[PDB]
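**Q** This is the content of structure.pdb (PDB, C-alpha atoms):
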```pdb
ATOM      1  CA  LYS A   1       3.877 -26.194 -38.619  1.00  0.00           C
ATOM      2  CA  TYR A   2       4.035 -22.510 -37.615  1.00  0.00           C
ATOM      3  CA  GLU A   3       7.733 -21.916 -38.303  1.00  0.00           C
ATOM      4  CA  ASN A   4       7.106 -18.628 -40.135  1.00  0.00           C
ATOM      5  CA  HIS A   5       3.763 -17.268 -38.939  1.00  0.00           C
ATOM      6  CA  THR A   6       2.220 -14.552 -36.787  1.00  0.00           C
ATOM      7  CA  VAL A   7       0.316 -15.840 -33.756  1.00  0.00           C
ATOM      8  CA  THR A   8      -2.256 -13.709 -31.934  1.00  0.00           C
ATOM      9  CA  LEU A   9      -3.847 -14.455 -28.579  1.00  0.00           C
ATOM     10  CA  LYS A  10      -6.404 -13.355 -26.033  1.00  0.00           C
ATOM     11  CA  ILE A  11      -5.454 -14.115 -22.456  1.00  0.00           C
ATOM     12  CA  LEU A  12      -6.610 -13.797 -18.855  1.00  0.00           C
ATOM     13  CA  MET A  13      -4.160 -12.801 -16.127  1.00  0.00           C
ATOM     14  CA  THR A  14      -4.387 -12.317 -12.380  1.00  0.00           C
ATOM     15  CA  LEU A  15      -4.663  -8.807 -10.982  1.00  0.00           C
ATOM     16  CA  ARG A  16      -1.678  -7.148  -9.325  1.00  0.00           C
ATOM     17  CA  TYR A  17      -0.984  -3.804  -7.682  1.00  0.00           C
ATOM     18  CA  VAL A  18       1.998  -1.965  -6.238  1.00  0.00           C
ATOM     19  CA  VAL A  19       2.097   0.994  -3.870  1.00  0.00           C
ATOM     20  CA  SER A  20       3.021   4.288  -5.543  1.00  0.00           C
ATOM     21  CA  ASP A  21       2.062   6.694  -2.757  1.00  0.00           C
ATOM     22  CA  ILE A  22       0.536   6.492   0.711  1.00  0.00           C
ATOM     23  CA  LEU A  23      -2.466   8.760   1.249  1.00  0.00           C
ATOM     24  CA  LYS A  24      -3.887   9.580   4.689  1.00  0.00           C
ATOM     25  CA  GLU A  25      -1.147   7.422   6.145  1.00  0.00           C
ATOM     26  CA  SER A  26      -1.659   7.252   9.911  1.00  0.00           C
ATOM     27  CA  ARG A  27      -4.882   7.673  11.884  1.00  0.00           C
ATOM     28  CA  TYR A  28      -4.979   7.209  15.633  1.00  0.00           C
ATOM     29  CA  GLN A  29      -7.172   6.672  18.674  1.00  0.00           C
ATOM     30  CA  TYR A  30      -6.528   6.456  22.421  1.00  0.00           C
ATOM     31  CA  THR A  31      -8.950   3.627  23.179  1.00  0.00           C
ATOM     32  CA  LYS A  32      -9.676   3.586  26.916  1.00  0.00           C
ATOM     33  CA  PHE A  33     -13.284   2.473  27.414  1.00  0.00           C
ATOM     34  CA  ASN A  34     -13.601  -1.010  28.917  1.00  0.00           C
ATOM     35  CA  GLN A  35      -9.828  -1.417  29.128  1.00  0.00           C
ATOM     36  CA  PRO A  36      -7.478  -1.958  32.079  1.00  0.00           C
ATOM     37  CA  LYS A  37      -5.599   1.113  30.860  1.00  0.00           C
ATOM     38  CA  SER A  38      -5.200   3.388  27.865  1.00  0.00           C
ATOM     39  CA  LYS A  39      -4.151   1.758  24.595  1.00  0.00           C
ATOM     40  CA  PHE A  40      -2.955   3.110  21.247  1.00  0.00           C
ATOM     41  CA  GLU A  41      -4.299   1.639  18.007  1.00  0.00           C
ATOM     42  CA  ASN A  42      -3.557   2.409  14.359  1.00  0.00           C
ATOM     43  CA  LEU A  43      -6.623   2.934  12.185  1.00  0.00           C
ATOM     44  CA  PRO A  44      -6.716   1.951   8.499  1.00  0.00           C
ATOM     45  CA  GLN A  45      -4.357   3.551   6.028  1.00  0.00           C
ATOM     46  CA  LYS A  46      -5.372   4.528   2.506  1.00  0.00           C
ATOM     47  CA  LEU A  47      -3.174   3.450  -0.401  1.00  0.00           C
ATOM     48  CA  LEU A  48      -2.805   4.794  -3.931  1.00  0.00           C
ATOM     49  CA  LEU A  49      -1.948   1.838  -6.153  1.00  0.00           C
TER
ATOM     50  CA  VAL B   1     -28.102 -16.582  36.117  1.00  0.00           C
ATOM     51  CA  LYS B   2     -25.128 -16.376  33.763  1.00  0.00           C
ATOM     52  CA  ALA B   3     -26.663 -19.120  31.626  1.00  0.00           C
ATOM     53  CA  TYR B   4     -29.837 -17.057  31.259  1.00  0.00           C
ATOM     54  CA  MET B   5     -27.513 -14.251  30.096  1.00  0.00           C
ATOM     55  CA  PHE B   6     -25.582 -16.418  27.621  1.00  0.00           C
ATOM     56  CA  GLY B   7     -23.505 -14.340  25.240  1.00  0.00           C
ATOM     57  CA  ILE B   8     -23.601 -11.339  27.605  1.00  0.00           C
ATOM     58  CA  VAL B   9     -20.896 -10.282  30.060  1.00  0.00           C
ATOM     59  CA  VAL B  10     -20.883  -7.335  32.471  1.00  0.00           C
ATOM     60  CA  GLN B  11     -17.606  -5.496  33.088  1.00  0.00           C
ATOM     61  CA  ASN B  12     -16.468  -2.278  34.731  1.00  0.00           C
ATOM     62  CA  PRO B  13     -15.572   0.021  31.795  1.00  0.00           C
ATOM     63  CA  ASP B  14     -12.608   1.527  33.666  1.00  0.00           C
ATOM     64  CA  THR B  15     -11.084  -1.946  34.119  1.00  0.00           C
ATOM     65  CA  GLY B  16     -11.003  -5.412  32.619  1.00  0.00           C
ATOM     66  CA  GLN B  17     -12.553  -6.608  35.860  1.00  0.00           C
ATOM     67  CA  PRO B  18     -15.992  -8.290  35.987  1.00  0.00           C
ATOM     68  CA  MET B  19     -18.075  -8.642  39.122  1.00  0.00           C
ATOM     69  CA  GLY B  20     -17.720 -11.671  41.360  1.00  0.00           C
ATOM     70  CA  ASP B  21     -20.196 -14.324  42.411  1.00  0.00           C
ATOM     71  CA  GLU B  22     -20.434 -12.596  45.799  1.00  0.00           C
ATOM     72  CA  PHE B  23     -22.682  -9.961  44.237  1.00  0.00           C
ATOM     73  CA  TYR B  24     -24.759 -12.612  42.464  1.00  0.00           C
ATOM     74  CA  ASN B  25     -25.278 -14.621  45.649  1.00  0.00           C
ATOM     75  CA  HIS B  26     -26.180 -11.417  47.486  1.00  0.00           C
ATOM     76  CA  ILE B  27     -28.771 -10.713  44.786  1.00  0.00           C
ATOM     77  CA  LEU B  28     -30.083 -14.278  44.889  1.00  0.00           C
ATOM     78  CA  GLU B  29     -30.402 -14.259  48.676  1.00  0.00           C
ATOM     79  CA  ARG B  30     -32.451 -11.068  48.530  1.00  0.00           C
ATOM     80  CA  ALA B  31     -34.304 -12.312  45.449  1.00  0.00           C
ATOM     81  CA  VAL B  32     -35.521 -15.517  47.105  1.00  0.00           C
ATOM     82  CA  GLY B  33     -36.735 -13.349  49.967  1.00  0.00           C
ATOM     83  CA  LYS B  34     -38.689 -11.253  47.478  1.00  0.00           C
ATOM     84  CA  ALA B  35     -40.580 -14.298  46.223  1.00  0.00           C
ATOM     85  CA  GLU B  36     -40.809 -15.411  49.853  1.00  0.00           C
ATOM     86  CA  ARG B  37     -43.007 -12.342  50.435  1.00  0.00           C
ATOM     87  CA  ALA B  38     -44.853 -12.239  47.116  1.00  0.00           C
ATOM     88  CA  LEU B  39     -46.318 -15.448  48.520  1.00  0.00           C
ATOM     89  CA  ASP B  40     -46.941 -15.769  52.304  1.00  0.00           C
ATOM     90  CA  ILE B  41     -44.543 -18.717  52.351  1.00  0.00           C
ATOM     91  CA  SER B  42     -41.308 -19.855  53.967  1.00  0.00           C
ATOM     92  CA  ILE B  43     -39.211 -21.606  51.338  1.00  0.00           C
ATOM     93  CA  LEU B  44     -35.889 -22.654  52.860  1.00  0.00           C
ATOM     94  CA  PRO B  45     -35.938 -25.426  55.493  1.00  0.00           C
ATOM     95  CA  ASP B  46     -35.990 -23.997  58.999  1.00  0.00           C
ATOM     96  CA  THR B  47     -37.235 -24.896  62.465  1.00  0.00           C
ATOM     97  CA  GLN B  48     -40.079 -22.928  64.052  1.00  0.00           C
ATOM     98  CA  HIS B  49     -41.051 -22.378  67.695  1.00  0.00           C
ATOM     99  CA  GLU B  50     -44.646 -21.136  67.653  1.00  0.00           C
TER
END
```
Would you give me this structure, written as C-alpha cells?

**A**
Amino acid sequence: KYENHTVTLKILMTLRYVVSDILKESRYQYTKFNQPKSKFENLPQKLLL
Amino acid sequence: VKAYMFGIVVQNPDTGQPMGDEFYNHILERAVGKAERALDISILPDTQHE
C-alpha cells in the first residue's frame, strides 16, 4: 500500500556509551589496617564517554 | 558471650588474627568471682571444712 510514500517515525532506543578518554585514571592506597600485611588496591577511575 | 555480641567481631588491627577462647574463659572465671563477691555467696560446687 505504501509503495511510493514517505514514512516518518518516532522511536525509543537503549542508551550506549563508548570511552573516548580516561580522566584521573589510577588512584591508589596502601591499605594496611586490620590486614595480615600491606595490600594495594585500585580506587575508582573516571571516564569521559 | 559471642552470641550477645552477634554481628560484632574483635580483631588485632595489625593481623587477621582474633583472640582465642582462652581469654574469654579467663574473663569468665574472673567475672563469676566478681558476682561471687557482689553477693556473699559461693556459687560453684565445692566442699568446705569449717

**Q** Any idea what's packed within 12 Å of residue 38 in chain A, counting only C-alpha atoms, ignoring anything in its chain fewer than 2 positions away? Could you give it as a list in words?

**A**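 In the requested form, the answer reads residues 29, 30, 31, 32, 33, 34, 35, 36, 40 and 41 of chain A; 13, 14, 15 and 16 of chain B.
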
**Q** For chain A, which residue out of B:45, B:18, B:33, B:7 is the nearest one, using only C-alpha atoms?

**A**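 Closest to chain A, using only C-alpha atoms: B:18.
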
**Q** From the set B:35, B:50, B:9, B:43, which residue has the shortest atom-to-atom contact distance to chain A, counting only C-alpha atoms?

**A**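 Checking each of B:35, B:50, B:9, B:43 against chain A, counting only C-alpha atoms, the winner is B:9.
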
**Q** Name the residues, using the chain letters and numbers of the file, that sit within 8 Å of (-3.7, 9.8, -2.3) when counting only C-alpha atoms, and give them as a ChimeraX atom specification.

**A** /A:21-24,46-48

**Q** Just the selected residues (C-alpha atoms), exported as a CSV table (one decimal), keeping the file's coordinate frame, please.

**A**
```csv
chain,number,residue,atom,x,y,z
A,21,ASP,CA,2.1,6.7,-2.8
A,22,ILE,CA,0.5,6.5,0.7
A,23,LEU,CA,-2.5,8.8,1.2
A,24,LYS,CA,-3.9,9.6,4.7
A,46,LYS,CA,-5.4,4.5,2.5
A,47,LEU,CA,-3.2,3.4,-0.4
A,48,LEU,CA,-2.8,4.8,-3.9
```

**Q** Go through A:6, A:37, A:49, A:16 and flag the residue nearest chain B, using only C-alpha atoms for the distances.

**A**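 Ranked by minimum distance to chain B, first place goes to A:37.
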
**Q** Distance CA of residue 40 in chain B-CA of residue 25 in chain B, one decimal place?

**A** 22.7 Å

**Q** So, with only C-alpha atoms as the atoms that count, which of B:48, B:41, B:2, B:36 lies closest to residue 21 in chain B?

**A**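 Distance minimum relative to residue 21 in chain B lands on B:2.
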
**Q** Any idea what the distance is between CA of residue 31 in chain B and CA of residue 10 in chain B?

**A**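 Distance between the two atoms: 19.3 Å.
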
**Q** So what do you get for CA of residue 43 in chain A versus CA of residue 18 in chain A, distance-wise?

**A** 20.9 Å

**Q** Box for range 24-42 of chain A: with edges along x, y and z, all listed atoms inside and 3 Å added on each side, what are the centre and edge lengths in Å to one decimal, as AutoDock Vina command-line options?

**A**
```
--center_x -7.4 --center_y 3.8 --center_z 18.4 --size_x 18.5 --size_y 17.5 --size_z 33.4
```

**Q** Under the rule that all atoms listed in the file are counted, which of B:11, B:5, B:30, B:46 is the nearest residue to chain A?

**A**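 Between B:11, B:5, B:30, B:46, the residue approaching chain A most closely is B:11.
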